[PDB]
Structures are given as C-alpha cells and as structure tokens.
C-alpha cells in the first residue's frame, strides 16, 4: 500500500480499481490471478491488432467501413483461393473504405494489407505461383507477406528475392505450419520480420494435443527477440455460423493475448461467415479484457533479465521510457519514427501506456500494427525550416490527437521519445511532459 498511497490519493481509488490494477500490483502470479475481477473495467485502448481475412462476406466498401470501425487493423488476402483480379478488387475496396475516414487524424485509421501465399505444395521450395503472387503484391503495394509453410531460413531468402528490389520494405511474417518449421524456428525467426503460429496446418502436421506447446514456445521466443508474432486459425470458428462464440473460443483468444501474441487473426470467421463484423467486435472485446489481465510486474522484470545488455541508443532509450511510463502510470508514450523501429523497441517491453507513433511514412503507419500497443498517427504537414521546430510540431500533433481521441487528459503525464538528428536510427531522448 505504501508504494501506491500517494498516487492513490492523487488519482483516486476509482482509478486503481479499473483495468485490473489491484491484480497488477500483486506480489506473486498466484495472487495476481486471485485478484482478477470481472467488475474491473478495461480503460486502455485495445493494443493487440486484429487481422481479418477478406472474402465474399467482407468485400464490399460499406461492410469494410463497418469492419474498420469494429477494429480491423490488417486485411489479409489469402492467395490459396480467388484470382489476381478478385484480390485486386478486394485491395481497392479496402483502400476506398480506409480513405473514406481520411478527412482528419481523429477519424483516420491506417489499415495494413497483407498477402498470404499459397505455399510450396509438394515442392521443396518457392513455387511458380508464389513468384507470380509475390510480384502481384509488390505491384499492388502490399505492406506484409504471410509466407506459408516456412521450413528453413532459405525459404524466407527465396521470398525476399521474389519481392525484388522494389519490395525491400515489405515485412515477411513466416508461417510455421509443420514439425520442421518448429524444429528450425530459431534460424527462421533470425531472418524473418515476425512469425505466424498457423495452427490449422500445424494441428494436422503434429499431434493436435501438442499445438499449444508450439504456440507458447514461439510466442515466448518472439517476445524475447522483440519481433511480432501472430496467433491464427479457428480462434472464433463457431462464429462462421453463430452470432456468439463457444466458451473455448473466448478462452483461446484471451489466452493468445496472455501468452504474448502481438496480433490475433480471423480466417473463415470474416471471409465467409455470417457475422464478420461481430467476429471482429468479439476479438476486440476479449483482447481489451485480456490485455488488462497481463501480469506486467513479472513480464517487465523477465524481459529485462532475459534481454542482453545493449549499446544501441534506441534500445537504451526504449527501456528507460517504458520504466518511466510505469513509474507515473503514463497515459501514453509518444514516439517519432520513420520506419517504425523506435515504436517496435518500446512495444517489446510491453508498456501498459499506449505507444503513439507519429510518422510521415504511410507504409510504416500501416506496418506498425504488427507490434502490440502501437497506435500509428500519419503526419501530413510539410517540414518546418528549423528541424527542432518540425520535431516539436510532430510531438504537439501527437499530444493534440491524443487529447481529442481520449488517450490523454489534462493532468496526465506522457513520455516523449525523439532523436538528436534527422533520419532513421538516432532515437536517444526521453522526456517527461505534463498535459495542460
């Protein structure tokens, strides 16, 4: 009680009853579980991104606007089905629905476009259809590739080569779907931007009762590496035909978030099912409850103990910023980023504070949805003559957007993360600011 007494008097007892804060202050994981309360309402914005598969049930512009409002952050196009013409029309409809909210940063919501490959099939490596689909992805400006059946590091090098010189910025998320992918996980993660636990094929390739071990191991290793991990397949399966999920399905979504997944996915639930919008809404509601139930006290301690020492100033600033945010219950960490990297390094420490990433790159704003707790703000103003003024203006844009969108309130403390010179790679400053 003495460690939270002054802040309880200042912020109030109602503040410390919400977002599972009594469970968050527990001294053991067992006590943390005992203190979880169904009446402790989540307050923070939902941090785990939702990937929705686009298909016949979720293709129209009107339906896509509803899905964006329900919480869809990434639109997945499964190239195992449909044609290039079909998927190009789906991409155009996603972009039209996204741009319908472009009138202001308060309404605008970047949505990433991910291409999920058909896979190698019976062949030992990159198929000819995958080469054509990957070229289609580059030509249509996709942000992410979910590479099917990645079994070794050379599979991801082949996907990278097939994206060519114009697709260097596309994120490659390797799908682990069989025994070989699980056994060679370390070499695959090393060369990938992230991982997808593709439980559909994994549950057929290895005994079904072992999938949870592979999921927990891969999520843990991605969390340790600071790289995005997606939990996928049959999360809310019964919602393909029913308006409400089973007890096992809500438990599965909550446990994927508690395991440490950066993203959760919907496949048949959004692509063909009768309730695509409701499936997104259900994942949104469960993820916010589960994020508040994360035991940050142990998680942050373990991420520090396991992470090696670093001489990279972005990494050093990120841990100092997350430590400062926890000390004052900061409402947000505002970070300036060109490629999304400074926001990714804050996200790896799993702050409770929202990471508001201010960027001029439309592609980086879409791709940062892969990192838990990163809320992208696309800045469109032309650069100021004095660089320091341009930096200040972007921070103020973050603060004003934050207040207008309810993330920030007068009296809140925010942590601001910036660098000492222009260009990517120079983040080295952390500032504590009081919102007025």
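Numbering follows the first chain given and starts at 1. Under this definition, the rigid core comprises the largest set of C-alpha atoms superposing within 1.5 Å between the forms.
Participant: Following superposition on the rigid core, is the mean squared CA displacement, expressed as RMS, greater for 238-246 or for 107-115 in 8 other deposited structures of this protein?
Facilitator: Per-stretch check in 8 other deposited structures of this protein: the more divergent one is 107-115.
Participant: Between 364-372 and 395-403, pick out the one whose C-alpha positions differ more from the shown form in 8 other deposited structures of this protein, using the rigid core for superposition.
Facilitator: Checking 364-372 against 395-403 in 8 other deposited structures of this protein, I find the farther stretch is 395-403.
Participant: In the PDB record, does 32-40 or 54-62 carry the higher mean Cα temperature factor?
Facilitator: Mean CA B-factor is higher for 54-62.
Participant: Quick check: 232-240 versus 254-262, which has the larger average CA B-factor in the record?
Facilitator: According to the entry, 232-240 carries the higher average C-alpha B-factor.
Participant: In the PDB entry, which of 168, 327, 297, 350 has its C-alpha at the highest B-factor?
Facilitator: If I rank 168, 327, 297, 350 by C-alpha B-factor, first place goes to 168.
Participant: So if I compare the CA B-factors in the entry for 332, 318, 335, 307, which one is the largest?
Facilitator: Checking the PDB record, the top C-alpha B-factor among 332, 318, 335, 307 is at 307.
Participant: Per the entry's values, where does residue 405 land by CA temperature factor relative to the rest of its chain, in the lowest, middle or highest third?
Facilitator: Highest third - that is where residue 405 ends up once the chain's C-alpha B-factors are sorted.
Participant: Looking at the C-alpha B-factor of residue 133, is it in the lowest, middle or highest third of its chain?
Facilitator: CA B-factor rank for residue 133: highest third.
Participant: Where does the C-alpha B-factor of residue 247 rank in its chain, lowest, middle or highest third?
Facilitator: It falls in the bottom third of the chain.
Participant: Using the temperature factors of the C-alpha atoms in this entry, rank residue 146 within its chain: lowest, middle or highest third.
Facilitator: Middle third of the chain for residue 146's C-alpha B-factor.
Participant: Place residue 119 in the lowest, middle or highest third of its chain's C-alpha B-factors, as listed in the PDB entry.
Facilitator: CA B-factor rank for residue 119: highest third.
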